[PDB]
Structures are given as C-alpha cells and as structure tokens.
>>> print(open('structure_34.pdb').read())   # PDB, C-alpha atoms
ATOM      1  CA  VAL A 156     109.339  21.027  51.039  1.00  0.00           C
ATOM      2  CA  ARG A 157     112.337  22.882  49.594  1.00  0.00           C
ATOM      3  CA  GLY A 158     113.704  24.161  52.900  1.00  0.00           C
ATOM      4  CA  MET A 159     114.768  27.290  51.036  1.00  0.00           C
ATOM      5  CA  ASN A 160     114.628  30.617  52.846  1.00  0.00           C
ATOM      6  CA  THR A 161     110.986  31.504  53.430  1.00  0.00           C
ATOM      7  CA  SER A 162     108.712  33.432  55.776  1.00  0.00           C
ATOM      8  CA  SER A 163     107.962  30.233  57.698  1.00  0.00           C
ATOM      9  CA  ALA A 164     111.032  28.142  56.901  1.00  0.00           C
ATOM     10  CA  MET A 165     113.512  30.862  57.869  1.00  0.00           C
ATOM     11  CA  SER A 166     111.796  31.394  61.215  1.00  0.00           C
ATOM     12  CA  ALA A 167     111.778  27.664  61.930  1.00  0.00           C
ATOM     13  CA  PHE A 168     115.502  27.193  61.347  1.00  0.00           C
ATOM     14  CA  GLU A 169     116.501  29.970  63.746  1.00  0.00           C
ATOM     15  CA  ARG A 170     114.071  28.895  66.462  1.00  0.00           C
ATOM     16  CA  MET A 171     115.224  25.293  66.250  1.00  0.00           C
ATOM     17  CA  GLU A 172     118.831  26.409  66.453  1.00  0.00           C
ATOM     18  CA  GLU A 173     118.046  28.495  69.525  1.00  0.00           C
ATOM     19  CA  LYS A 174     116.305  25.566  71.186  1.00  0.00           C
ATOM     20  CA  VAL A 175     119.258  23.269  70.482  1.00  0.00           C
ATOM     21  CA  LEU A 176     121.861  25.764  71.712  1.00  0.00           C
ATOM     22  CA  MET A 177     119.922  26.835  74.797  1.00  0.00           C
ATOM     23  CA  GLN A 178     119.450  23.205  75.809  1.00  0.00           C
ATOM     24  CA  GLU A 179     123.137  22.562  75.175  1.00  0.00           C
ATOM     25  CA  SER A 180     124.038  25.650  77.192  1.00  0.00           C
ATOM     26  CA  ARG A 181     121.862  24.439  80.060  1.00  0.00           C
ATOM     27  CA  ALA A 182     123.522  21.027  79.850  1.00  0.00           C
ATOM     28  CA  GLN A 183     126.940  22.690  79.809  1.00  0.00           C
ATOM     29  CA  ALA A 184     125.988  24.691  82.895  1.00  0.00           C
ATOM     30  CA  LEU A 185     124.598  21.515  84.450  1.00  0.00           C
ATOM     31  CA  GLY A 186     127.660  19.362  83.777  1.00  0.00           C
ATOM     32  CA  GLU A 187     129.964  21.633  85.810  1.00  0.00           C
ATOM     33  CA  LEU A 188     127.581  21.289  88.771  1.00  0.00           C
ATOM     34  CA  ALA A 189     127.318  17.566  88.016  1.00  0.00           C
ATOM     35  CA  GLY A 190     131.097  17.160  88.091  1.00  0.00           C
ATOM     36  CA  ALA A 191     131.311  18.081  91.789  1.00  0.00           C
ATOM     37  CA  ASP A 192     131.449  15.114  94.213  1.00  0.00           C
ATOM     38  CA  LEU A 193     128.559  16.244  96.421  1.00  0.00           C
ATOM     39  CA  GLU A 194     126.065  16.145  93.546  1.00  0.00           C
ATOM     40  CA  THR A 195     127.186  12.611  92.676  1.00  0.00           C
ATOM     41  CA  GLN A 196     126.970  11.560  96.326  1.00  0.00           C
ATOM     42  CA  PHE A 197     123.328  12.616  96.588  1.00  0.00           C
ATOM     43  CA  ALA A 198     122.356  10.353  93.689  1.00  0.00           C
ATOM     44  CA  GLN A 199     124.087   7.350  95.264  1.00  0.00           C
ATOM     45  CA  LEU A 200     122.430   8.008  98.621  1.00  0.00           C
ATOM     46  CA  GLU A 201     119.033   8.346  96.968  1.00  0.00           C
ATOM     47  CA  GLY A 202     119.250   5.005  95.201  1.00  0.00           C
ATOM     48  CA  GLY A 203     120.021   3.148  98.418  1.00  0.00           C
ATOM     49  CA  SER A 204     117.213   5.013 100.170  1.00  0.00           C
ATOM     50  CA  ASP A 205     114.796   4.321  97.319  1.00  0.00           C
ATOM     51  CA  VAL A 206     115.469   0.585  97.443  1.00  0.00           C
ATOM     52  CA  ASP A 207     114.828   0.559 101.186  1.00  0.00           C
TER      53      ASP A 207
ATOM     54  CA  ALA B  53     138.994  37.739 112.760  1.00  0.00           C
ATOM     55  CA  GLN B  54     140.387  35.039 115.056  1.00  0.00           C
ATOM     56  CA  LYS B  55     136.871  33.780 115.750  1.00  0.00           C
ATOM     57  CA  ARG B  56     136.121  33.672 112.026  1.00  0.00           C
ATOM     58  CA  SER B  57     139.240  31.598 111.349  1.00  0.00           C
ATOM     59  CA  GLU B  58     138.298  29.276 114.209  1.00  0.00           C
ATOM     60  CA  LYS B  59     134.806  28.911 112.747  1.00  0.00           C
ATOM     61  CA  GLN B  60     136.362  28.244 109.341  1.00  0.00           C
ATOM     62  CA  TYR B  61     138.701  25.707 110.935  1.00  0.00           C
ATOM     63  CA  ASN B  62     135.716  24.095 112.651  1.00  0.00           C
ATOM     64  CA  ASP B  63     133.824  24.149 109.356  1.00  0.00           C
ATOM     65  CA  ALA B  64     136.745  22.460 107.607  1.00  0.00           C
ATOM     66  CA  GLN B  65     136.709  19.681 110.203  1.00  0.00           C
ATOM     67  CA  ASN B  66     132.945  19.396 109.762  1.00  0.00           C
ATOM     68  CA  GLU B  67     133.382  19.412 105.989  1.00  0.00           C
ATOM     69  CA  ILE B  68     135.927  16.601 106.241  1.00  0.00           C
ATOM     70  CA  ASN B  69     133.504  14.575 108.357  1.00  0.00           C
ATOM     71  CA  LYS B  70     130.739  15.017 105.780  1.00  0.00           C
ATOM     72  CA  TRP B  71     133.171  13.942 103.058  1.00  0.00           C
ATOM     73  CA  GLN B  72     134.265  10.995 105.210  1.00  0.00           C
ATOM     74  CA  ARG B  73     130.674   9.726 105.395  1.00  0.00           C
ATOM     75  CA  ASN B  74     130.486   9.800 101.594  1.00  0.00           C
ATOM     76  CA  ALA B  75     133.778   7.902 101.392  1.00  0.00           C
ATOM     77  CA  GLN B  76     132.371   5.236 103.721  1.00  0.00           C
ATOM     78  CA  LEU B  77     129.228   5.138 101.581  1.00  0.00           C
ATOM     79  CA  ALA B  78     131.372   4.930  98.450  1.00  0.00           C
ATOM     80  CA  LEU B  79     133.129   1.814  99.741  1.00  0.00           C
ATOM     81  CA  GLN B  80     129.766   0.133 100.324  1.00  0.00           C
ATOM     82  CA  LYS B  81     128.640   1.334  96.894  1.00  0.00           C
ATOM     83  CA  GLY B  82     131.886   0.099  95.362  1.00  0.00           C
ATOM     84  CA  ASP B  83     132.439   3.186  93.218  1.00  0.00           C
ATOM     85  CA  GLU B  84     136.166   4.117  93.129  1.00  0.00           C
ATOM     86  CA  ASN B  85     135.633   7.671  91.851  1.00  0.00           C
ATOM     87  CA  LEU B  86     133.512   8.875  94.773  1.00  0.00           C
ATOM     88  CA  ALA B  87     136.137   7.677  97.254  1.00  0.00           C
ATOM     89  CA  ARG B  88     138.944   9.379  95.321  1.00  0.00           C
ATOM     90  CA  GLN B  89     137.259  12.790  95.372  1.00  0.00           C
ATOM     91  CA  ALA B  90     136.921  12.733  99.160  1.00  0.00           C
ATOM     92  CA  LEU B  91     140.617  11.988  99.665  1.00  0.00           C
ATOM     93  CA  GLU B  92     141.697  14.893  97.458  1.00  0.00           C
ATOM     94  CA  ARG B  93     139.230  17.160  99.249  1.00  0.00           C
ATOM     95  CA  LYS B  94     140.528  16.001 102.619  1.00  0.00           C
ATOM     96  CA  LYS B  95     144.128  16.873 101.706  1.00  0.00           C
ATOM     97  CA  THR B  96     143.517  20.498 100.676  1.00  0.00           C
ATOM     98  CA  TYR B  97     141.374  21.081 103.762  1.00  0.00           C
ATOM     99  CA  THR B  98     144.099  19.654 105.990  1.00  0.00           C
ATOM    100  CA  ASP B  99     146.667  21.966 104.416  1.00  0.00           C
ATOM    101  CA  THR B 100     144.323  24.911 104.905  1.00  0.00           C
ATOM    102  CA  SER B 101     143.726  23.878 108.509  1.00  0.00           C
ATOM    103  CA  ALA B 102     147.457  23.571 109.139  1.00  0.00           C
ATOM    104  CA  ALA B 103     148.054  26.981 107.583  1.00  0.00           C
ATOM    105  CA  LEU B 104     145.192  28.431 109.607  1.00  0.00           C
TER     106      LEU B 104
END
>>> encode(input="structure_34.pdb", output="structure tokens")
Amino acid sequence: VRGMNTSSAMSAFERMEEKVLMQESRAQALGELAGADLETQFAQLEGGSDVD
Amino acid sequence: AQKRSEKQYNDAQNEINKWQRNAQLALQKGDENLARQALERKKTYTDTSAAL
C-alpha cells in the first residue's frame, strides 16, 4: 500500500519504467519510419482496396 | 561505373513514376500532404538526374 521501497515494490517500479520507455523507444523508432511518404501511401492504398 | 549511373538514372525515373502514381492517388484521396511529398521528391531526383 505504501509504495515505499520494498523487495516487491522496488522491482515493480523499475520494470514498469522499462516497459514504458521501451514502448516509447519503439514508438520513436516507428515514427521516423512513419514519417516517410511511402509508408503513408500504403495505408491510403489499403483503405481503398479494403472498401472494394 | 557508367552502367551503374545509367541504372541509377533509370531507377530515379522509375522512382519518380512510382511517386507519380501516389500523387495521382493522393488527388483522388484528397489529402494535400501526400501530394506535396511527391513533388519535393520529384525535384531532388530531377536535380540528381541532371547532375548524373
């Protein structure tokens, strides 16, 4: 309940931080790829194709 | 080396054509940003082709 440093609580904070940062890092890596026009073009093409 | 440049020049023309298709698609889609990216891409390629 306290959230004070503990054998279980301490481990949980670090792991959660790692999960948050790793996901953010992946997103950061992803956004650069996302920024390029070709990636955007594929999504637009797919939507038209999907509707058909 | 001359053949490689010619292939690169051919690739640039091919690349422009691929970009052109996206631009045509963009107009149908109505998204201004997709069209803009193709034009910028076309210009650098043209300069490279001229230099080549």
>>> interface_residues(input="structure_34.pdb", of="chain B", to="chain A", cutoff="8 Å", atoms="all atoms listed in the file", output="list in words")
residues 74, 77, 81, 86, 89 and 90 of chain B
>>> atom_distance(input="structure_34.pdb", atom1="CA of residue 53 (chain B)", atom2="CA of residue 102 (chain B)")
16.9 Å
>>> axis_aligned_box(input="structure_34.pdb", around="region 181-194 of chain A", padding_each_side="4 Å", output="lines of an AutoDock Vina configuration file")
center_x = 126.7
center_y = 19.9
center_z = 88.1
size_x = 17.6
size_y = 17.6
size_z = 24.6
>>> residues_around(input="structure_34.pdb", residues="residue 87 (chain B)", least_positions_apart="2", cutoff="9 Å", atoms="all atoms listed in the file", output="PyMOL selection string")
chain B and resi 72+74-79+82-85+89-91
>>> write_last_selection(input="structure_34.pdb", atoms="C-alpha atoms", output="PDB file, keeping the file's coordinate frame")
ATOM      1  CA  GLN B  72     134.265  10.995 105.210  1.00  0.00           C
ATOM      2  CA  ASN B  74     130.486   9.800 101.594  1.00  0.00           C
ATOM      3  CA  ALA B  75     133.778   7.902 101.392  1.00  0.00           C
ATOM      4  CA  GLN B  76     132.371   5.236 103.721  1.00  0.00           C
ATOM      5  CA  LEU B  77     129.228   5.138 101.581  1.00  0.00           C
ATOM      6  CA  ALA B  78     131.372   4.930  98.450  1.00  0.00           C
ATOM      7  CA  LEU B  79     133.129   1.814  99.741  1.00  0.00           C
ATOM      8  CA  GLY B  82     131.886   0.099  95.362  1.00  0.00           C
ATOM      9  CA  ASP B  83     132.439   3.186  93.218  1.00  0.00           C
ATOM     10  CA  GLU B  84     136.166   4.117  93.129  1.00  0.00           C
ATOM     11  CA  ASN B  85     135.633   7.671  91.851  1.00  0.00           C
ATOM     12  CA  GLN B  89     137.259  12.790  95.372  1.00  0.00           C
ATOM     13  CA  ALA B  90     136.921  12.733  99.160  1.00  0.00           C
ATOM     14  CA  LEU B  91     140.617  11.988  99.665  1.00  0.00           C
TER      15      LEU B  91
END
>>> resolve_selection(input="structure_34.pdb", expression="the PyMOL selection byres ((chain B and resi 57-60) around 12)", output="NGL selection string")
:B and (53-56 or 61-67 or 97 or 100-104)
>>> write_last_selection(input="structure_34.pdb", atoms="C-alpha atoms", output="compact mmCIF listing (two decimals), in the frame of the given file")
# COMPACT_ATOMS: atom_id res chain seq x y z
CA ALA B 53 138.99 37.74 112.76
CA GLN B 54 140.39 35.04 115.06
CA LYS B 55 136.87 33.78 115.75
CA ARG B 56 136.12 33.67 112.03
CA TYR B 61 138.70 25.71 110.94
CA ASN B 62 135.72 24.10 112.65
CA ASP B 63 133.82 24.15 109.36
CA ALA B 64 136.74 22.46 107.61
CA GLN B 65 136.71 19.68 110.20
CA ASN B 66 132.94 19.40 109.76
CA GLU B 67 133.38 19.41 105.99
CA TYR B 97 141.37 21.08 103.76
CA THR B 100 144.32 24.91 104.90
CA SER B 101 143.73 23.88 108.51
CA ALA B 102 147.46 23.57 109.14
CA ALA B 103 148.05 26.98 107.58
CA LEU B 104 145.19 28.43 109.61
>>> decode(input="structure_34.pdb", residues="chain A", atoms="C-alpha atoms", output="PDB file, in the first residue's frame")
ATOM      1  CA  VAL A 156       0.000   0.000   0.000  1.00  0.00           C
ATOM      2  CA  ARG A 157       2.750   2.459   0.954  1.00  0.00           C
ATOM      3  CA  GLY A 158       4.664   2.279  -2.324  1.00  0.00           C
ATOM      4  CA  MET A 159       7.834   2.694  -0.280  1.00  0.00           C
ATOM      5  CA  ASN A 160      10.973   0.900  -1.415  1.00  0.00           C
ATOM      6  CA  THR A 161      10.457  -2.827  -0.928  1.00  0.00           C
ATOM      7  CA  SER A 162      11.535  -6.202  -2.284  1.00  0.00           C
ATOM      8  CA  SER A 163       8.422  -6.330  -4.472  1.00  0.00           C
ATOM      9  CA  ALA A 164       7.596  -2.638  -4.817  1.00  0.00           C
ATOM     10  CA  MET A 165      11.107  -1.640  -5.895  1.00  0.00           C
ATOM     11  CA  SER A 166      11.170  -4.328  -8.577  1.00  0.00           C
ATOM     12  CA  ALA A 167       7.764  -3.268  -9.882  1.00  0.00           C
ATOM     13  CA  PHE A 168       8.696   0.389 -10.320  1.00  0.00           C
ATOM     14  CA  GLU A 169      11.795  -0.372 -12.390  1.00  0.00           C
ATOM     15  CA  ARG A 170      10.063  -2.961 -14.566  1.00  0.00           C
ATOM     16  CA  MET A 171       7.156  -0.631 -15.251  1.00  0.00           C
ATOM     17  CA  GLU A 172       9.561   2.147 -16.145  1.00  0.00           C
ATOM     18  CA  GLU A 173      11.393  -0.164 -18.533  1.00  0.00           C
ATOM     19  CA  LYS A 174       8.140  -1.193 -20.184  1.00  0.00           C
ATOM     20  CA  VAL A 175       7.085   2.438 -20.623  1.00  0.00           C
ATOM     21  CA  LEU A 176      10.452   3.547 -22.018  1.00  0.00           C
ATOM     22  CA  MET A 177      10.912   0.551 -24.306  1.00  0.00           C
ATOM     23  CA  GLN A 178       7.447   1.084 -25.766  1.00  0.00           C
ATOM     24  CA  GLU A 179       8.202   4.782 -26.176  1.00  0.00           C
ATOM     25  CA  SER A 180      11.526   3.939 -27.804  1.00  0.00           C
ATOM     26  CA  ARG A 181       9.775   1.579 -30.210  1.00  0.00           C
ATOM     27  CA  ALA A 182       7.235   4.296 -30.991  1.00  0.00           C
ATOM     28  CA  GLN A 183      10.057   6.787 -31.513  1.00  0.00           C
ATOM     29  CA  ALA A 184      11.749   4.353 -33.889  1.00  0.00           C
ATOM     30  CA  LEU A 185       8.393   3.753 -35.566  1.00  0.00           C
ATOM     31  CA  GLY A 186       7.514   7.422 -36.037  1.00  0.00           C
ATOM     32  CA  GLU A 187      10.614   8.108 -38.163  1.00  0.00           C
ATOM     33  CA  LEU A 188       9.592   5.238 -40.462  1.00  0.00           C
ATOM     34  CA  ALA A 189       6.003   6.503 -40.302  1.00  0.00           C
ATOM     35  CA  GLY A 190       7.059   9.996 -41.370  1.00  0.00           C
ATOM     36  CA  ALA A 191       8.232   8.795 -44.799  1.00  0.00           C
ATOM     37  CA  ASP A 192       5.701   9.235 -47.645  1.00  0.00           C
ATOM     38  CA  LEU A 193       5.800   5.625 -48.853  1.00  0.00           C
ATOM     39  CA  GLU A 194       4.581   4.267 -45.512  1.00  0.00           C
ATOM     40  CA  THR A 195       1.681   6.736 -45.550  1.00  0.00           C
ATOM     41  CA  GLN A 196       0.867   5.844 -49.158  1.00  0.00           C
ATOM     42  CA  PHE A 197       0.487   2.154 -48.336  1.00  0.00           C
ATOM     43  CA  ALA A 198      -2.160   2.906 -45.710  1.00  0.00           C
ATOM     44  CA  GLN A 199      -4.178   5.026 -48.143  1.00  0.00           C
ATOM     45  CA  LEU A 200      -3.975   2.345 -50.830  1.00  0.00           C
ATOM     46  CA  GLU A 201      -5.053  -0.324 -48.360  1.00  0.00           C
ATOM     47  CA  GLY A 202      -8.173   1.532 -47.287  1.00  0.00           C
ATOM     48  CA  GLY A 203      -9.388   1.924 -50.859  1.00  0.00           C
ATOM     49  CA  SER A 204      -8.609  -1.733 -51.529  1.00  0.00           C
ATOM     50  CA  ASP A 205     -10.346  -2.825 -48.329  1.00  0.00           C
ATOM     51  CA  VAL A 206     -13.536  -0.975 -49.240  1.00  0.00           C
ATOM     52  CA  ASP A 207     -13.556  -2.626 -52.661  1.00  0.00           C
TER      53      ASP A 207
END
